[PDB]
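> Take a look at the following structure, please.
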There are 2 protein chains.
Amino acid sequence: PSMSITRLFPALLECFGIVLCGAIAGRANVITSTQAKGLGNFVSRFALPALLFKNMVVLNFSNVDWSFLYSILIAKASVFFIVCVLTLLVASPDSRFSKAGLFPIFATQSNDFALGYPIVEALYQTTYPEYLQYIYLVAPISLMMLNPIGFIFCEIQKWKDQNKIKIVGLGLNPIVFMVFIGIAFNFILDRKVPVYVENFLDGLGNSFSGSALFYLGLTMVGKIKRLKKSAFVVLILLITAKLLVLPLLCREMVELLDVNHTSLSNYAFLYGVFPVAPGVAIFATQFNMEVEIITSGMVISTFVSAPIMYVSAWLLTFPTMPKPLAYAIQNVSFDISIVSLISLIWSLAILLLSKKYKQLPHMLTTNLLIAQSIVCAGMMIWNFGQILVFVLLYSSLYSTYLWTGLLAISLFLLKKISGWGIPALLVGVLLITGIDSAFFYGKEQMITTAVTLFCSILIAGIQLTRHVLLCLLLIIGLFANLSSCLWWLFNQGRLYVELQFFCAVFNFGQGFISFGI
Amino acid sequence: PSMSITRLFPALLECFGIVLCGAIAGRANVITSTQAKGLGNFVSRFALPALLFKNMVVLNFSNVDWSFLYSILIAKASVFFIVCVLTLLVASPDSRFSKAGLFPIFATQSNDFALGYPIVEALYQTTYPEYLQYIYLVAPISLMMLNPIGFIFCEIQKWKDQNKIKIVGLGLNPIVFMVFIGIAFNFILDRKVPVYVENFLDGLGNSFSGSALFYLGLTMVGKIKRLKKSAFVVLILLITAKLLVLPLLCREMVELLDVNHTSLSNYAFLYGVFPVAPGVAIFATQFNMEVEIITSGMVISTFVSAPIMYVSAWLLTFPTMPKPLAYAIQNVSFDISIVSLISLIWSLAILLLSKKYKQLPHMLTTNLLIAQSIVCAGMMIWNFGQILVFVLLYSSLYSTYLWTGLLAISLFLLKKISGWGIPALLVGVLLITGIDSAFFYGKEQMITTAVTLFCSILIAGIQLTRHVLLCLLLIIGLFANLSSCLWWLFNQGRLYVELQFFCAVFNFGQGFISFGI
């Protein structure tokens, strides 16, 4: 693989670690507001321009692929055009220009240095180093070209509150100043840096990415607001347009403009899937316009982009490797299972702290969570009689289905001993007497499972209400893996693999859906 | 001569004609304020950018002499440094920064397109066409480099009323926008212009210089104010620093950096001697700072630069040609005599309208003016018995000296028949019985004159007070030409020629000194 997915997961977890440490620092108030703004200055005024100038004078113009760069830029501008015209066709004139401004720029800007560069650079430090210059080629040009549009769009708003006076007088940020500034010096110098300032630049600009994520975490606390009325819907519309559609538009426009291209097209999709940048977050603050829906977009952007970038990074490579396809699905199930335990350990603690043993489904939900916790504490066995211990884990896997079927019975009781009964104990008897959980032995494993999961989905077809919602969201994955178990058992085509991945991320990730519940 | 002085005078008079037509249009109100601002828009927004872009894309970068250009620029910056430090050493801190700002920029900017380009282009259309590109090479770079200094100097003033906020945030005009803009297109295009827009550009930008001077004339009315207290002194200090010193500094810095160079060094002095530009005039309006001393500088700048540019243009060429030295002095005396009649005809009309025949020296002053009017109506004979008619003119020339001696007697009477007596009638008898006025015959002409002019200067040594002042200012030229008549009569050396020029501009120009009186 051109990208090192073996490192993708690792690199994803370190960036997540810094950003969540920043989040918990903001929550626990271990960092004072004074030194918080001090670090904000240290990044924005000092370290951000530092790495900009450093990497841009380092940036090599010997070969600048205009195909990929201009394809990305015009795809971004297309996203701007489609979104801005649609919102002018749906929004009210009053908020139309205002909504054909910030909303596009909020759906087009990728915090490239925050996570991406770290991720893509960990994915391509040896294979395609040019991608480390495309990342700082794309963003600055996007800022210079397309930001003025949305900016002048808002000038028409302050008009509603003078073309050359304000519309373009004020229509046309240290990034672009230092960016273009680093281009003047890269031409003045022979793309070189003198040691005297070079040491300071390296010391200061390489201490930014982690600090940038730390500041982001300091800016993710107390930001999401209850906006379900009409904002969460348009919020998730913006999120999908920026996180899937925009990558899809780039993936198609690169193939209409530019196997290396395939991975480059995979890199195209690899781009745009980045969460939204804080540049728009501070632009809205300057425009003091509906920051709550933009700050929420900032939060959920990372919150959902992280799982999406992970799953997509795995998906785009499966056509490229059946034996490594089994190894890849095993590895991804293993890793998601690990973080699954993260969510599974935070879940059991919060349920025991909140006294969820109550006779309501809450106690039934505590059972589901402990079952999944066993499912992942068994998944830690997977990599490093070693299956005679796997049998209890796989029983616990079946358990997740039996407990949720009886929880469906409980919610039916809400509208009107089997818990620990565990008919899957007889499934274990079948296992003992009659590489993966589905490779336990022959075709009986996913047969005994095919029937058990179906018994629960039928029981399903026949904050307690929040637990009912959890039951629904999980029986979605019940259908998902039902489709897998019937498909393989009927016929053992580049289609069974993706549903393998989906039932993996469902059977290994529902812990998160319950985490939210 | 590299410059066509034969055309210098002609070209000087046409530009003067347009600018004085603008002045008289502003005075007589034949142009309404509405169409006045309409023409102001037509020039500034339409025709100024037109010719900027046109000539700059036409501008050839095949050979750009950096020696001359950078020498001029650093000389201008030196003028900025010396003037700004001195005024910070003399002005009060309160008005110091304010006076180390506008005052330098008011002493460094040349309205290059207004008169110069027309003049220098008439002087070099065939000899040195590169000077037509140096004129638009110098100015824009001066605006881009040195204007920000004085501008930020005034930002420190508004501070007295924030480095990146205002000092440089507001520190860094359509000229520089279109100027640099015409550089981007001159690189984009092959220094070419498409006919479609080329015709409009030529039609619009070639109708600017005359219209620019017309607007200047509309901005010269009701601008000078009585500022003798401490402003006229610093005003004339600024004027001399910009009109002689600055050209001298350029003339020396070009010889330390760059016969062609000699004329190029003469061109160096030919530059800087231009009157101040209206860019500073509108900058001060934007800064609303002591416009009266800046508007007065605008007025007197042209008012005195025009005679100075003329006389200097003649002076710098005299070492370059004795027979053509006599032809040149004859031509310059002829031309100054012509305009002399302009001042002499406006003078007699105003004195007869004001009833100056009063027994006070006013009537004696009316006699001086009519004598000088005869002196110039005889000078019109000079180019195209033809000397037996010259005799009355030369008698009238001696008359100017005899009337002013008896006017000195009159002013002595003020502190205590000879008018028309005219002992110069006996000088005419000497002329008849005993190429130029000094070439009338042998050495007796400037001998009979040597004694007559001395008799008046001795009578001098032995608004009536304004007429006394006029007598003093003219007896200055009496000394000046006394030095000539004694020098030639004693010894007939690149020194007698310049005093020939001075006694010419005095004996042919006092009409102006009396014009003011």
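FYI, nothing fancy with the structure tokens labels: chains A, B, ... in order, residues from 1 per chain, ligands from 1 as they appear.
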What's around segment 336-344 of chain B at 7 Å? Count only C-alpha atoms, leave out sequence neighbours fewer than 2 positions away in its own chain, and write the answer as a ChimeraX atom specification.
/B:332-334,346-348,369,373,376,379,508-509,511-512,515
> Taking 3 positions as the minimum chain separation for residues in the same chain, which residues sit within 9 Å of segment 293-299 of chain B when counting only C-alpha atoms? Answer as a ChimeraX atom specification.
/B:102-103,106,219-221,223-225,227,231-232,235-236,238-239,275-278,280-281,284,289-290,302-304
> Go through segment 203-427 of chain A and collect every residue that DSSP, computed from the backbone, puts in helix (DSSP H, G or I); the answer should be as a PyMOL selection string.
chain A and resi 203-205+209-218+231-257+260-270+278-287+291-315+318-320+323-353+361-379+390-414+418-421+424-427
> Determine the nearest neighbour of residue 186 of chain B from the options B:500, B:163, B:240, B:55, counting only C-alpha atoms.
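Looking at the shortest contact to residue 186 of chain B, the residue is B:55.
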> Excluding residue 42 of chain A and its own-chain neighbours fewer than 4 positions away, which residues fall within 10 Å of it when counting only C-alpha atoms? Please give them as an MDAnalysis selection string.
chainID A and resid 35:38 46:48 204 207:208 211:212
> Restrict the selected residues to C-alpha atoms and save them as a tab-separated table (two decimals), in the first residue's frame.

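As a result, out_24.tsv now contains:
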```tsv
chain	number	residue	atom	x	y	z
A	35	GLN	CA	-1.37	30.72	29.89
A	36	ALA	CA	-4.09	29.43	27.56
A	37	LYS	CA	-4.03	32.69	25.60
A	38	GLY	CA	-0.25	32.64	26.03
A	46	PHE	CA	5.23	32.44	16.59
A	47	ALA	CA	5.15	28.77	15.65
A	48	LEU	CA	2.57	28.82	12.85
A	204	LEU	CA	9.71	26.50	17.13
A	207	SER	CA	6.58	22.28	18.47
A	208	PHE	CA	3.35	23.46	16.83
A	211	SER	CA	0.45	22.42	20.57
A	212	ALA	CA	-2.03	23.24	17.80
```
> Write out as a list in words the residues lying within 12 Å of residue 424 of chain B, counting only C-alpha atoms and excluding same-chain residues fewer than 4 positions away.
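The neighbour list is residues 391, 392, 393, 394, 395, 396, 397, 398, 399, 400, 401, 402, 403, 418, 419, 420, 428, 429, 430, 431, 445, 448, 449, 451, 452, 453, 455 and 456 of chain B.
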> Write the selection just made, keeping N, CA, C and O atoms, as a CSV table (one decimal), in the first residue's frame?

```csv
chain,number,residue,atom,x,y,z
B,391,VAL,N,17.7,102.3,-31.9
B,391,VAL,CA,18.3,103.3,-31.1
B,391,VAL,C,17.3,103.8,-30.1
B,391,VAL,O,17.6,104.0,-28.9
B,392,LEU,N,16.0,104.0,-30.5
B,392,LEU,CA,15.0,104.4,-29.5
B,392,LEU,C,14.7,103.3,-28.5
B,392,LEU,O,14.5,103.6,-27.3
B,393,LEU,N,14.7,102.1,-28.9
B,393,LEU,CA,14.6,101.0,-27.9
B,393,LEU,C,15.7,101.0,-26.9
B,393,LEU,O,15.5,100.8,-25.7
B,394,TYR,N,17.0,101.2,-27.4
B,394,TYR,CA,18.1,101.2,-26.5
B,394,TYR,C,18.1,102.4,-25.6
B,394,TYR,O,18.6,102.4,-24.4
B,395,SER,N,17.6,103.5,-26.1
B,395,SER,CA,17.4,104.7,-25.3
B,395,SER,C,16.4,104.4,-24.1
B,395,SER,O,16.6,104.8,-23.0
B,396,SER,N,15.3,103.6,-24.5
B,396,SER,CA,14.3,103.2,-23.6
B,396,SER,C,14.9,102.3,-22.6
B,396,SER,O,14.5,102.3,-21.4
B,397,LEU,N,15.9,101.4,-23.0
B,397,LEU,CA,16.6,100.5,-22.1
B,397,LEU,C,17.3,101.4,-21.1
B,397,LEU,O,17.1,101.1,-19.9
B,398,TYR,N,18.1,102.4,-21.5
B,398,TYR,CA,18.8,103.3,-20.6
B,398,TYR,C,17.7,104.0,-19.7
B,398,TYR,O,18.0,104.3,-18.6
B,399,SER,N,16.6,104.3,-20.3
B,399,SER,CA,15.5,105.0,-19.6
B,399,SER,C,15.1,104.2,-18.4
B,399,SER,O,15.0,104.8,-17.3
B,400,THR,N,15.0,102.9,-18.4
B,400,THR,CA,14.6,102.1,-17.3
B,400,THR,C,15.5,102.4,-16.1
B,400,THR,O,15.0,102.4,-14.9
B,401,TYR,N,16.8,102.7,-16.3
B,401,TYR,CA,17.8,103.1,-15.3
B,401,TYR,C,17.6,104.5,-14.8
B,401,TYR,O,17.8,104.7,-13.6
B,402,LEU,N,17.3,105.4,-15.7
B,402,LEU,CA,17.2,106.9,-15.3
B,402,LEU,C,15.9,107.1,-14.5
B,402,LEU,O,15.9,107.8,-13.5
B,403,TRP,N,14.8,106.5,-15.0
B,403,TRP,CA,13.6,106.6,-14.2
B,403,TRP,C,13.7,106.0,-12.8
B,403,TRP,O,13.1,106.5,-11.9
B,418,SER,N,12.7,116.1,-14.3
B,418,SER,CA,13.8,115.2,-14.7
B,418,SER,C,13.3,113.8,-15.1
B,418,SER,O,14.0,113.1,-15.8
B,419,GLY,N,12.0,113.5,-14.9
B,419,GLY,CA,11.5,112.3,-15.3
B,419,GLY,C,11.6,112.1,-16.9
B,419,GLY,O,12.2,111.2,-17.4
B,420,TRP,N,10.9,113.0,-17.6
B,420,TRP,CA,10.9,113.0,-19.0
B,420,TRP,C,12.2,113.8,-19.6
B,420,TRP,O,12.3,113.8,-20.8
B,428,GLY,N,21.7,108.7,-26.7
B,428,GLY,CA,21.3,108.5,-28.1
B,428,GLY,C,22.1,109.3,-29.1
B,428,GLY,O,22.4,108.9,-30.2
B,429,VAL,N,22.4,110.6,-28.7
B,429,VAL,CA,23.3,111.4,-29.5
B,429,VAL,C,24.6,110.8,-29.6
B,429,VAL,O,25.2,110.8,-30.7
B,430,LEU,N,25.2,110.3,-28.5
B,430,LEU,CA,26.5,109.6,-28.6
B,430,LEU,C,26.3,108.4,-29.5
B,430,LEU,O,27.3,108.1,-30.3
B,431,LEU,N,25.2,107.6,-29.4
B,431,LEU,CA,25.0,106.5,-30.3
B,431,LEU,C,25.0,106.8,-31.8
B,431,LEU,O,25.6,106.1,-32.6
B,445,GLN,N,29.1,101.5,-26.3
B,445,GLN,CA,27.7,101.3,-26.0
B,445,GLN,C,27.6,100.9,-24.5
B,445,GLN,O,26.9,101.6,-23.7
B,448,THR,N,28.8,103.9,-22.2
B,448,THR,CA,27.8,105.0,-22.0
B,448,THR,C,26.7,104.3,-21.1
B,448,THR,O,26.1,105.1,-20.3
B,449,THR,N,26.5,103.0,-21.2
B,449,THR,CA,25.5,102.3,-20.4
B,449,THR,C,26.1,102.1,-19.0
B,449,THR,O,25.5,102.2,-18.0
B,451,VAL,N,28.1,103.8,-17.3
B,451,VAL,CA,28.0,105.0,-16.5
B,451,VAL,C,26.6,105.3,-16.2
B,451,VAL,O,26.4,105.7,-15.0
B,452,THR,N,25.6,105.2,-17.1
B,452,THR,CA,24.2,105.6,-16.8
B,452,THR,C,23.7,104.7,-15.7
B,452,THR,O,23.1,105.3,-14.8
B,453,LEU,N,23.8,103.4,-15.8
B,453,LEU,CA,23.3,102.5,-14.8
B,453,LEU,C,23.9,102.8,-13.4
B,453,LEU,O,23.2,102.6,-12.4
B,455,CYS,N,25.0,105.8,-12.3
B,455,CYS,CA,24.5,107.1,-11.9
B,455,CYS,C,23.2,106.8,-11.1
B,455,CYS,O,22.9,107.5,-10.2
B,456,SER,N,22.4,105.9,-11.6
B,456,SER,CA,21.1,105.4,-11.0
B,456,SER,C,21.4,104.7,-9.7
B,456,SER,O,20.7,104.9,-8.7
```
> Considering only C-alpha atoms, state which residue in the set B:213, B:374, B:311, B:57 is at the smallest distance from residue 183 of chain B.
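Ranking B:213, B:374, B:311, B:57 by distance to residue 183 of chain B, first place goes to B:57.
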> At a cut-off of 7 Å, using only C-alpha atoms, what residues contact segment 458-461 of chain B? Leave out same-chain residues fewer than 4 positions from it and give the result as number ranges by chain.
B: 405, 408-409, 454
> Which polymer residues have any atom within 8 Å of an atom of residue 457 of chain B, counting only C-alpha atoms, with same-chain residues fewer than 5 positions away left out, as a list in words?
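Close residues of residue 457 of chain B: residues 405, 475, 478 and 479 of chain B.
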> For the residues in that selection, give me C-alpha atoms as a tab-separated table (two decimals), in the first residue's frame.

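Here's the written file again_29.tsv:
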```
chain	number	residue	atom	x	y	z
B	405	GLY	CA	17.26	106.63	-10.22
B	475	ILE	CA	18.79	97.92	-7.80
B	478	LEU	CA	21.53	97.16	-11.06
B	479	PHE	CA	24.46	95.78	-9.09
```
> Find the residues around residue 127 of chain A up to 10 Å (only C-alpha atoms counted), leave out those fewer than 5 positions away in its own chain, and share them as a PDB file with N, CA and C atoms, in the first residue's frame.

```pdb
ATOM      1  N   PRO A   1       0.813  -1.219   0.000  1.00  0.00           N
ATOM      2  CA  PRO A   1       0.000   0.000   0.000  1.00  0.00           C
ATOM      3  C   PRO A   1       0.846   1.269   0.000  1.00  0.00           C
ATOM      4  N   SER A   2       0.451   2.255  -0.809  1.00  0.00           N
ATOM      5  CA  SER A   2       1.184   3.518  -0.846  1.00  0.00           C
ATOM      6  C   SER A   2       1.145   4.213   0.508  1.00  0.00           C
ATOM      7  N   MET A   3      -0.009   4.194   1.167  1.00  0.00           N
ATOM      8  CA  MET A   3      -0.132   4.705   2.524  1.00  0.00           C
ATOM      9  C   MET A   3       0.119   3.571   3.513  1.00  0.00           C
ATOM     10  N   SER A   4       0.811   3.885   4.609  1.00  0.00           N
ATOM     11  CA  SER A   4       1.172   2.882   5.610  1.00  0.00           C
ATOM     12  C   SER A   4       0.059   2.779   6.654  1.00  0.00           C
ATOM     13  N   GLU A 121       1.707  12.125   6.477  1.00  0.00           N
ATOM     14  CA  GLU A 121       3.191  12.092   6.493  1.00  0.00           C
ATOM     15  C   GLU A 121       3.595  10.743   7.085  1.00  0.00           C
TER      16      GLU A 121
END
```
